[PDB]
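First, one chain by itself: the form deposited in one PDB entry, in structure tokens.
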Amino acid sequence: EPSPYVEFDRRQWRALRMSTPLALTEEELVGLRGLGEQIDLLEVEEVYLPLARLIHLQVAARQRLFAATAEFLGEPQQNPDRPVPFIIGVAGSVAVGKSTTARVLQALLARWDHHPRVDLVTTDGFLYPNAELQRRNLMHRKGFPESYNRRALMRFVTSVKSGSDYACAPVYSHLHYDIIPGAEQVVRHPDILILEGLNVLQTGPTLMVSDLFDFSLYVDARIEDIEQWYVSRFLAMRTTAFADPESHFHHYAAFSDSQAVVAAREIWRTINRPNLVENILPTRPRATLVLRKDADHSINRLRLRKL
């Protein structure tokens, strides 16, 4: 019964490593690992290395495709130092570990042979600032599709992929819970752009960033596990981020375990869960690769689109 997809387990997947080199040390992996994430070198080797191989294979093939169009159009040819940027989306729930997957992927790709320039941008820079969300009644919907300046986000990625020298994204601060005035992330004709955020795989009545992706990941897990990870990270942040007096959620620093669980579950119930179910999970069917994690953050299963 034919399928666009093929499923693997970790055994099956890790065999596809071939002889892709491991270019990353244990200390280097630490700088990449997010609070609460469990990634080790073994996981890098068995899961991320075949991924990086898949992508290397696709970057070459995908260039052919733009080149055929440029040929058709009777066009100059290509700068071989500036190919069309390969755009990689990374999607999934809050707390599922997207930021680790993306940082690790970036680090692996930047260590391929020619040392490609590999940029990583998070869509939280494209959230409306609080004063605008407040205007729109959206202060309790950060991460919902409507809380983003989608036009700006699409402009940004179109600019990069169309080969602009320079493009700027705004910058969000979790600690201050708002866009940072005057802050910009500048992307300068990278070879590869990884775009990471809850809703990057969305589709709609207009052309969207997902329509520009040459590859996408969705980082998945059971909803109950993701909630547990969220609540557990909320409790852990009492003595990390929330302990900063400047932190927007500094008042949570002093909560007891049981108060903190209450608070975190209410945020999950009223914001992150509804967003996952209504907006994020309906984008999973389109991902080129789903990385499914077990309750321990271990990626044990994968679903690859072959069509």
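Between two forms, the rigid core is the largest collection of C-alphas that superpose within 1.5 Å. Note that residue numbering begins at 1 and tracks the sequence as displayed.
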Legend entry - Stretch exceeding the other in mean C-alpha B-factor - 280-288, 293-301: 293-301
Inset, instruction - Identify the stretch, either 71-79 or 101-109, whose C-alpha atoms have the larger mean B-factor according to the entry. - result: 71-79
Legend entry - Residue of maximum C-alpha B factor among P129, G92, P116, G143, per deposited coordinates: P116
Inset, instruction - Go through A241, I271, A264, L65 one by one and give the residue whose Cα B-factor in the PDB entry is largest. - result: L65
Legend entry - Third of the chain, ranked by Cα B-factor, where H174 sits: lowest
Legend entry - Chain third (lowest, middle, highest) by recorded CA B-factor, residue given as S164: highest
Legend entry - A152 CA temperature factor, ranked by third within the chain: middle
Inset, instruction - Within this chain's modelled residues, let me know which third the CA B factor of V200 belongs to: lowest, middle or highest. - result: lowest
Inset, instruction - Select lowest, middle or highest to describe the third in which the CA B-factor of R222 falls within its chain in this entry. - result: middle
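Omitted here: the form deposited in another entry. The next part is about that form.
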Legend entry - Core-aligned C-alpha movement of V186 between this form and the one not shown reaching 2 Å: no
Inset, instruction - State yes or no: after fitting on the rigid core, is the Cα displacement of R64 between this form and the one not shown at least 2 Å? - result: yes
Inset, instruction - Take the rigid core as the frame of reference and indicate whether the C-alpha of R151 shifts by 2 Å or more between this form and the one not shown. - result: no
Inset, instruction - Specify closer or farther for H189 and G31: how their Cα atoms are spaced in that other deposited form versus the shown form, given a shift of 3 angstroms or more. - result: closer
Inset, instruction - Pin down for me whether the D81-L105 Cα distance shrinks or grows in that other deposited form relative to this form (closer or farther, change of 3 Å or more). - result: farther
